[PDB]
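Encoded as structure tokens, the structure appears first; notes follow it.
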Amino acid sequence: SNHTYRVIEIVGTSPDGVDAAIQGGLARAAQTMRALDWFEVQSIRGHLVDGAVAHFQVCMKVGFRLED
Amino acid sequence: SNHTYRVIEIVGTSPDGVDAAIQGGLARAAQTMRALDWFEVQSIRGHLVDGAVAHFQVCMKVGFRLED
Amino acid sequence: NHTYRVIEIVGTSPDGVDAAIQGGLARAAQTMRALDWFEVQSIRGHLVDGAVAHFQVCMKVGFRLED
Amino acid sequence: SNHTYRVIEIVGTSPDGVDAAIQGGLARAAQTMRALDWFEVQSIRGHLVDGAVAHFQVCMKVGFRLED
Amino acid sequence: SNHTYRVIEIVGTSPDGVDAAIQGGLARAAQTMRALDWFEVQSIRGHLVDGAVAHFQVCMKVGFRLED
Amino acid sequence: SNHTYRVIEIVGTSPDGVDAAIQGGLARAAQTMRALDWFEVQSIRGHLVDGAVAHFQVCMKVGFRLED
Amino acid sequence: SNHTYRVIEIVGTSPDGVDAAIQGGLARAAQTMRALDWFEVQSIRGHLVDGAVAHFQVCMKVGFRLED
Amino acid sequence: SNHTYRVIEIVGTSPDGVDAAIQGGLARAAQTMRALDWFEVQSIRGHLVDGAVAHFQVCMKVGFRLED
Amino acid sequence: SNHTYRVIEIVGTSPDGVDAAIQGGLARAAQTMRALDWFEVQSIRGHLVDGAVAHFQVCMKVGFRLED
Amino acid sequence: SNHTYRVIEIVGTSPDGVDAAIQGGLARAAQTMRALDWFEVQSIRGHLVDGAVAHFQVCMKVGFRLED
Amino acid sequence: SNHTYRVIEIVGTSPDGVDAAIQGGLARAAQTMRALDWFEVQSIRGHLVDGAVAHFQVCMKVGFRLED
Amino acid sequence: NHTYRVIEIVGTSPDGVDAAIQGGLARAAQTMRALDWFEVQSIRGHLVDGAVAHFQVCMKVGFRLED
Ligand SMILES: CC(C)(COP(=O)(O)OP(=O)(O)OC[C@H]1O[C@@H](n2cnc3c(N)ncnc32)[C@H](O)[C@@H]1OP(=O)(O)O)[C@@H](O)C(=O)NCCC(=O)NCCS
Ligand SMILES: CC(C)(COP(=O)(O)OP(=O)(O)OC[C@H]1O[C@@H](n2cnc3c(N)ncnc32)[C@H](O)[C@@H]1OP(=O)(O)O)[C@@H](O)C(=O)NCCC(=O)NCCS
Ligand SMILES: CC(C)(COP(=O)(O)OP(=O)(O)OC[C@H]1O[C@@H](n2cnc3c(N)ncnc32)[C@H](O)[C@@H]1OP(=O)(O)O)[C@@H](O)C(=O)NCCC(=O)NCCS
Ligand SMILES: CC(C)(COP(=O)(O)OP(=O)(O)OC[C@H]1O[C@@H](n2cnc3c(N)ncnc32)[C@H](O)[C@@H]1OP(=O)(O)O)[C@@H](O)C(=O)NCCC(=O)NCCS
Ligand SMILES: CC(C)(COP(=O)(O)OP(=O)(O)OC[C@H]1O[C@@H](n2cnc3c(N)ncnc32)[C@H](O)[C@@H]1OP(=O)(O)O)[C@@H](O)C(=O)NCCC(=O)NCCS
Ligand SMILES: CC(C)(COP(=O)(O)OP(=O)(O)OC[C@H]1O[C@@H](n2cnc3c(N)ncnc32)[C@H](O)[C@@H]1OP(=O)(O)O)[C@@H](O)C(=O)NCCC(=O)NCCS
Ligand SMILES: CC(C)(COP(=O)(O)OP(=O)(O)OC[C@H]1O[C@@H](n2cnc3c(N)ncnc32)[C@H](O)[C@@H]1OP(=O)(O)O)[C@@H](O)C(=O)NCCC(=O)NCCS
Ligand SMILES: CC(C)(COP(=O)(O)OP(=O)(O)OC[C@H]1O[C@@H](n2cnc3c(N)ncnc32)[C@H](O)[C@@H]1OP(=O)(O)O)[C@@H](O)C(=O)NCCC(=O)NCCS
Ligand SMILES: CC(C)(COP(=O)(O)OP(=O)(O)OC[C@H]1O[C@@H](n2cnc3c(N)ncnc32)[C@H](O)[C@@H]1OP(=O)(O)O)[C@@H](O)C(=O)NCCC(=O)NCCS
Ligand SMILES: CC(C)(COP(=O)(O)OP(=O)(O)OC[C@H]1O[C@@H](n2cnc3c(N)ncnc32)[C@H](O)[C@@H]1OP(=O)(O)O)[C@@H](O)C(=O)NCCC(=O)NCCS
Ligand SMILES: CC(C)(COP(=O)(O)OP(=O)(O)OC[C@H]1O[C@@H](n2cnc3c(N)ncnc32)[C@H](O)[C@@H]1OP(=O)(O)O)[C@H](O)C(=O)NCCC(=O)NCCS
Ligand SMILES: CC(C)(COP(=O)(O)OP(=O)(O)OC[C@H]1O[C@@H](n2cnc3c(N)ncnc32)[C@H](O)[C@@H]1OP(=O)(O)O)[C@H](O)C(=O)NCCC(=O)NCCS
Ligand SMILES: Cc1cc2nc3c(=O)[nH]c(=O)nc-3n(C[C@H](O)[C@H](O)[C@H](O)COP(=O)(O)O)c2cc1C
Ligand SMILES: Cc1cc2nc3c(=O)[nH]c(=O)nc-3n(C[C@H](O)[C@H](O)[C@H](O)COP(=O)(O)O)c2cc1C
Ligand SMILES: [Cl-]
Ligand SMILES: [Cl-]
């Protein structure tokens, strides 16, 4: 037989930067999901409070292997 | 950093128009989902019957804050 | 089994997006048969006196080809 | 001689729908700008409060003729 | 009212080609999902081993009718 | 110093696959049109009947040389 | 008014350049079509012979107002 | 620090072609803007009158170095 | 309804990285603009000198609420 | 590790179909290139003769790991 | 039942225009490469010196038949 | 006057996006001359044990062609 994958979309956030947002988001996914394989960034965004980046926001597609 | 969002995709439908289709799709999401925050229209389509629009169909991405 | 044709039109209306969509499809319906679906390609409009004179909705329209 | 146009980007908002957001945004532009000619929609979005569309948000490119 | 569709994203795989990969992914979705209506290919990819295609990988959006 | 080409859009269909759907569409185009030169796939879609692919649907742009 | 427009797709060609390719195609559309209003360039392509550009090929969408 | 660039969008027009339209728009921008560095074409369009191109219209993003 | 936003485009730059480029561009915007609300990265580019990155350059759309 | 990959672009062709076109091109890349890892389909095109598909043409990006 | 094509990317430049920039790039490609078949413009850009276009820059994809 | 070549590479790094970008350009710099610019095409990564094993940044890299 042959594997099928599922691709969900999440947004990781961090006040520090793009990498921390990515990893922040993936950690929350890892808490409940198994067989996480890859991610792809869809967009990089952020919210500004008093002229400053309050949160970096990285929208990601996340691929994991489907269990039966 | 801590907050993570989930982005699901739905198609709202209505015979009345684009707004009606958007609000009908979102309304079904609100029956089961919590902390809904935003939507984005991916496309606007429709099925035609008797040379007129039977249903407007608006495809939407919908973001909500993930609970623990 | 069936082959479909996809043509591109622009429906316009001073009232809004729905009316523009419908205005355009109705003109298509006058001459074309077996119209099945549509997809909006863009939503534009012409402005006069700083207000929307016409909403213009570019659509692709799919209909089943006859023999 | 021959005309040049300027293309700015705005987001109109309304709690009623897409058309009202478009027109809401264009009215604010008209208050200060002259020779407004066309617009194109870049995206349709919205903010959700208690499962409901609080504001429809329509990001638009707006073209106007440049004065000298 | 009038239906709302849910649109999920999966990746079908097969060593045999694009069709088999497509039918492979959908067969896994059909094991657990009801009222599957349509699919759209997002991309066609593959992993290569020793200079030959090990698996075709077809990423699909898949739309089904939501139950209450 | 001369020729102009026309580009029309069709959707070929077939229960057998992507290739069959491509050829099925082009064959209909070949019944009436002359000097067909190239095609380009715009999208691969399909309708699902109780979990299986009923019809593969391949949307194509088809280019042909215009006669005077 | 509440006019409807038709958008067709053509490829104008010329050995001289992009401009010449655009007007070559539009002239051919102008031989049969009425109320031509606008064009939009989709792509700029060409064919190479002996390491030179034999023909510039400009693919255009051409919008015209439908008569009754 | 290190510079920030501003990126504006204009439409150059000319009855003569794409180059002249491009140079036309930039000449108007250069009348009032300083430290113009680059441009990128977004689209090439035109208005048609009596079956012929009245004006070429080239939409450009234009980047200049911000002063303090 | 009433609130309207403006979306300008800027390129932040830094020799240090992507985050640094983002924050430097936004910082220049905050010196003169008020009620900044969000940004979106349009692209990530850079200039190379001596076979290394002299400056990271992140192109950003930046939205702010229009005052009366 | 901290490997770097090279992505090249090829068009595989076959009169038989899409799958056959993909593997035709990959086999030619496999005749000279080492550590081929993945491909992504960019477009599916073809040439028409006598109203039939003479050659399926699949444009692919092909990623391989750079050696030292 | 055979040929494979290679697709490389170059940027032709010229102070005279888009066409000249296209031909200038292809001529360099013609100096070393054989069986050049087509090109496609990816983007039209340019560098500005004190308000005027210094160099038009046309990025192209260039396709040629691979020899054995 | 000058013609440029645009190649596509993927720089990787377990540390982040910048390090991935730089890791990739450095490998390019080992063999290529007159490297002038880069553009990021995508940011991806491989996951192991539910954490980022490698950040992968696909880039187009422009360099001036010699004669
Ligand atoms: C609601 C939601 C955010 C909760 O996610 P979460 O809190 O992060 O984690 P979940 O509660 O989903 O738990 C993960 C589930 O996937 C399962 N799972 C984890 N990895 C898996 C994988 N590799 N393959 C198959 N199943 C897996 C877990 O066992 C668990 O299943 P269970 O609940 O049946 O025991 C998420 O499930 C979701 O967004 N679902 C979609 C909801 C939707 O489509 N909305 C409808 C509105 S119209
Ligand atoms: C199946 C499905 C259509 C049903 O959606 P629904 O009828 O709108 O409601 P659900 O059954 O998902 O219930 C909502 C869930 O979200 C959870 N929830 C709601 N809002 C949440 C939020 N803000 N954060 C975290 N969890 C939330 C609820 O607790 C509930 O979970 P539970 O039933 O396990 O306790 C939908 O969940 C779905 O499409 N998900 C799976 C699709 C899929 O990927 N299938 C794989 C086939 S290959
Ligand atoms: C700040 C801003 C939002 C204010 O806009 P507004 O309140 O809606 O209206 P403005 O204050 O701009 O007034 C319109 C101006 O354009 C002029 N104008 C109007 N239509 C015009 C047209 N057809 N052609 C030329 N000028 C025109 C008006 O005369 C007025 O000029 P003036 O201020 O020199 O007297 C807007 O000007 C803007 O976003 N500018 C860009 C700021 C920017 O780039 N940010 C830099 C941060 S890095
Ligand atoms: C977890 C997952 C991989 C498992 O998928 P699966 O093994 O193919 O099938 P599931 O276990 O989800 O079962 C499908 C569910 O949808 C329901 N269902 C099926 N078709 C439906 C439809 N047409 N309408 C409404 N509900 C439907 C089924 O009853 C079942 O619900 P149940 O588990 O409460 O009984 C998949 O559900 C998924 O990717 N969910 C989203 C997880 C997610 O978003 N993670 C968040 C991490 S941040
Ligand atoms: C109506 C339609 C679906 C029927 O297509 P079809 O049955 O496959 O083929 P047609 O009946 O059009 O026949 C093809 C025509 O093109 C001509 N033709 C074929 N190749 C040609 C060529 N390369 N150069 C010039 N003419 C050519 C044929 O001679 C024939 O013309 P004729 O019957 O007037 O002599 C199709 O023509 C179409 O989609 N037209 C556009 C419809 C439209 O835009 N409607 C607007 C609604 S708002
Ligand atoms: C066949 C074709 C190439 C011939 O085009 P052409 O030589 O440039 O011009 P045509 O022969 O179509 O003549 C132009 C038509 O448009 C009509 N016309 C022109 N402008 C019009 C306008 N503004 N509004 C309404 N009608 C208009 C003319 O009356 C004429 O039709 P007529 O022969 O009934 O008088 C072209 O019409 C075409 O590609 N049609 C579509 C073919 C198609 O879809 N095939 C499907 C294959 S599956
Ligand atoms: C109004 C507008 C059309 C007029 O443009 P214009 O006639 O070509 O030139 P302007 O009058 O704006 O003059 C350029 C300004 O930029 C300044 N400037 C020029 N180059 C600069 C640079 N490199 N860095 C910083 N400032 C610069 C000039 O000093 C001048 O400022 P000043 O008017 O305060 O003296 C144009 O400025 C515009 O589109 N602005 C945005 C309006 C807008 O966003 N509207 C909001 C409606 S909701
Ligand atoms: C010229 C420019 C670079 C200077 O930007 P800057 O140095 O960052 O600061 P500005 O000079 O724009 O000053 C900020 C303006 O925004 C206004 N403002 C700030 N935030 C605002 C907000 N939230 N809502 C409304 N107005 C606001 C300020 O009052 C000020 O206007 P004023 O100087 O007329 O009183 C910039 O304004 C610009 O690029 N605009 C014009 C570009 C253009 O379109 N030129 C046309 C050439 S064809
Ligand atoms: C010219 C070309 C078509 C010939 O390709 P080909 O026949 O398939 O194979 P080549 O002749 O290049 O040989 C493959 C090379 O890759 C090298 N190689 C293979 N896999 C490798 C890898 N994983 N890592 C590092 N090197 C590898 C081989 O050593 C061989 O080089 P060598 O001749 O020094 O031993 C192709 O190399 C090409 O298109 N090059 C680019 C041309 C170009 O950019 N022209 C610019 C015009 S302006
Ligand atoms: C290095 C480079 C810029 C030089 O290009 P150039 O000076 O215009 O041309 P080249 O020196 O490569 O000569 C073209 C080669 O392709 C061959 N060639 C030309 N047409 C061919 C064809 N259609 N089929 C097969 N080979 C062909 C030529 O014979 C010559 O090969 P040879 O010298 O080994 O006999 C170019 O080859 C290139 O961009 N290569 C890829 C660089 C790269 O990917 N670097 C990785 C850094 S991480
Ligand atoms: C000029 C044009 C807009 C007129 O459109 P219209 O007035 O709305 O409708 P038409 O005049 O084409 O009439 C509809 C045609 O489609 C046919 N038809 C309707 N539905 C059909 C379907 N489902 N399948 C096949 N044929 C169908 C009708 O029989 C009629 O053909 P007929 O005139 O030979 O009897 C025309 O359709 C068109 O845009 N064709 C293409 C123009 C073109 O390509 N020109 C090339 C310029 S270079
Ligand atoms: C295999 C490959 C990755 C090796 O890359 P590498 O090890 O990083 O560097 P190379 O081995 O190519 O060496 C760099 C070349 O570019 C040349 N060069 C460097 N900078 C240059 C520049 N600015 N302009 C022109 N030439 C340059 C060098 O002189 C050298 O050529 P040489 O080997 O003839 O002396 C190769 O460059 C490649 O990917 N080529 C294309 C592969 C291909 O198209 N194969 C077809 C398969 S179907
Ligand atoms: C993906 C693809 C794109 C092509 N684009 C063009 C084009 O834009 N213009 C053109 O004239 N020919 C185009 N062609 C046709 C090629 O020029 C064709 O392969 C060539 O003319 C055949 O000659 P050969 O014997 O060298 O292979 C394209 C072919 C393919 C496969
Ligand atoms: C915009 C464009 C796209 C093209 N795409 C392809 C293609 O994908 N595959 C191909 O083989 N030829 C392609 N071609 C080349 C055409 O097939 C070419 O115009 C034709 O073969 C020339 O024959 P003719 O005498 O009928 O004009 C393309 C040409 C143009 C202008
Ligand atoms: Cl998506
Ligand atoms: Cl933009």
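A note on names: the letters A, B, ... follow the listed sequences, proteins ahead of strands, and every chain is numbered from 1. Ligands are counted one by one from 1 in listed order, and the atoms in each one are counted from 1 as well. Both backbone and side-chain heavy atoms feed into the values below; hydrogens, waters and symmetry mates do not.
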- Item | Closest protein heavy atom to atom 14 (N) of ligand 14, given as residue, atom name and distance to 0.1 Å | F/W38 CE3, 4.1 Å

- Query: Side chain, backbone, both or neither: which part of D/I8 comes within less than 4.0 Å of ligand 3 when only heavy atoms are counted?
  - Reply: neither

- Task: Enumerate the atoms of ligand 3 whose separation from the nearest heavy atom of H/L66 is less than 4.0 angstrom.
- Result: 48 (S)

- For B/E67 and ligand 1, answer yes if some heavy atom of the residue is under 4.0 Å from a ligand atom, otherwise no. no

- Nearest-0.5 Å distance that lies between atom NE2 in G/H47 and atom CG in K/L36: 11.0 Å

- Task: Measure across I/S14 and I/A21 and return the closest heavy-atom pair with its distance rounded to 0.1 Å.
- Result: CB-N, 3.5 Å

- Closest to atom 6 (P) of ligand 3 among protein heavy atoms sits D/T32 OG1, 3.6 Å

- Query: What protein heavy atom sits nearest atom 25 (O) of ligand 14, and how far off is it?
  - Reply: F/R65 NH1, 4.1 Å

- Message: Closer than 4.0 Å and a protein heavy atom, does any atom meet both conditions relative to atom 15 (C) of ligand 1?
- Response: no

- Query: Any protein heavy atom sitting closer than 4.0 Å to atom 8 (O) of ligand 1?
  - Reply: yes

- Distance flag for atom 27 (C) of ligand 3, protein heavy atom under 4.0 Å: yes

- Query: Can you name the closest pair of heavy atoms from B/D37 and B/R65 and give their distance?
  - Reply: OD2-N, 3.7 Å

- Message: I'd like to check whether F/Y5 has a polar contact with ligand 14, where a contact means an N/O of the residue lying under 3.5 Å from an N/O of the ligand.
- Response: yes

- Near I/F64, which atoms of ligand 3 are under 4.0 Å from a heavy atom of that residue? 39 (O)

- Task: Ignoring hydrogens, tell whether any protein atom lies closer than 4.0 Å to atom 32 (P) of ligand 3; use the non-hydrogen atoms only.
- Result: no

- Message: Using the rule side chain to side chain donor-acceptor pair (under 3.5 Å), only one of G/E9, G/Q42, G/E40 pairs with G/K61; which is it?
- Response: G/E9

- Would you say atom 43 (C) of ligand 3 touches the protein, meaning some protein heavy atom is under 4.0 Å from it? yes

- Can you confirm whether something in the protein, heavy atoms only, sits under 4.0 Å from atom 24 (N) of ligand 1? yes

- Check D/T4 against H/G25 and note the closest heavy-atom contact, atom names and distance. CG2-CA, 4.0 Å

- Message: Any non-hydrogen side-chain atom of D/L48 less than 4.5 Å from a side-chain atom of B/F64?
- Response: no

- Under the side-chain contact (heavy atoms from CB on, under 4.5 Å) criterion, do G/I44 and H/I44 qualify, and how do the steps go? CA-CA 10 Å; G/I44 302 179; H/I44 302 175; 4.3 Å; yes

- Of all the heavy-atom pairs spanning D/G12 and D/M60, show the shortest one and how long it is. N-CE, 3.9 Å

- Does D/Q31 approach ligand 3 within less than 4.0 angstrom via side chain, backbone, both or neither, non-hydrogen atoms only? neither

- Message: I need the contact type for G/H47 against ligand 14. Using non-hydrogen atoms and a strict under-4.0 Å cut-off, is it side chain, backbone, both or neither?
- Response: neither

- Within a distance under 4.0 Å of any heavy atom of D/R65, pick out the atoms of ligand 3 and give their elements. 22 (C), 23 (N), 24 (N)

- Message: So, regarding F/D37 and ligand 14 (criterion: nitrogen or oxygen to nitrogen or oxygen, under 3.5 Å), is there a contact or not?
- Response: yes

- For J/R45 and ligand 14, does the shortest N/O to N/O distance drop below 3.5 Å? yes

- Query: Which bit of I/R6 is near ligand 3, meaning a heavy atom under 4.0 Å away: side chain, backbone, both or neither?
  - Reply: side chain

- Item | Distance-only N or O hit between ligand 1 and A/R34, under 3.5 Å | yes

- Message: If we count only non-hydrogen protein atoms and require a distance under 4.0 Å, does atom 12 (O) of ligand 3 qualify as touching the protein?
- Response: no

- What one should report as the nearest heavy-atom pair of B/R28 and E/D68 is NH2-O, 3.3 Å

- Check whether any heavy atom of J/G46 sits under 4.0 Å from an atom of ligand 14. yes

- Task: Using a distance threshold of 4.0 Å (strictly less than), state whether atom 48 (S) of ligand 3 has a protein heavy-atom neighbour.
- Result: yes

- Query: Just to confirm, does any protein heavy atom lie below 4.0 Å from atom 20 (N) of ligand 1?
  - Reply: yes

- Query: Can J/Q57 be said to touch ligand 14, with heavy atoms closer than 4.0 Å?
  - Reply: yes

- Query: What distance separates I/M33 CE from I/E67 CD, expressed to the nearest 0.5 Å?
  - Reply: 8.5 Å

- Hey, is atom 37 (O) of ligand 1 under 4.0 Å from any protein heavy atom? no

- Query: When rounded to the nearest 0.5 angstrom, what is the spacing between CD in G/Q57 and OG1 in G/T13?
  - Reply: 6.5 Å

- atom 4 (C) of ligand 1 protein-contacted (non-hydrogen atom, under 4.0 angstrom): no

- Message: Going by a strict under-4.0 Å cutoff (protein heavy atoms only), does atom 40 (N) of ligand 1 have a neighbour on the protein?
- Response: no

- Task: Given side-chain contact (heavy atoms from CB on, under 4.5 Å), test H/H3 with I/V11 step by step and report yes or no.
- Result: CA-CA 9 Å; H/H3 308 305; I/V11 195; over 6 Å; no

- Which residue holds the protein heavy atom closest to atom 1 (C) of ligand 3, what is that atom called, and what is the gap in Å? I/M33 CE, 4.4 Å

- Task: Could you walk me through whether J/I22 and J/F56 pass the side-chain contact (heavy atoms from CB on, under 4.5 Å) test, one step at a time?
- Result: CA-CA 9 Å; J/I22 288 164; J/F56 290 81; over 6 Å; no

- Shortest non-hydrogen contact from I/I10 to I/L26? CD1-N, 4.1 Å

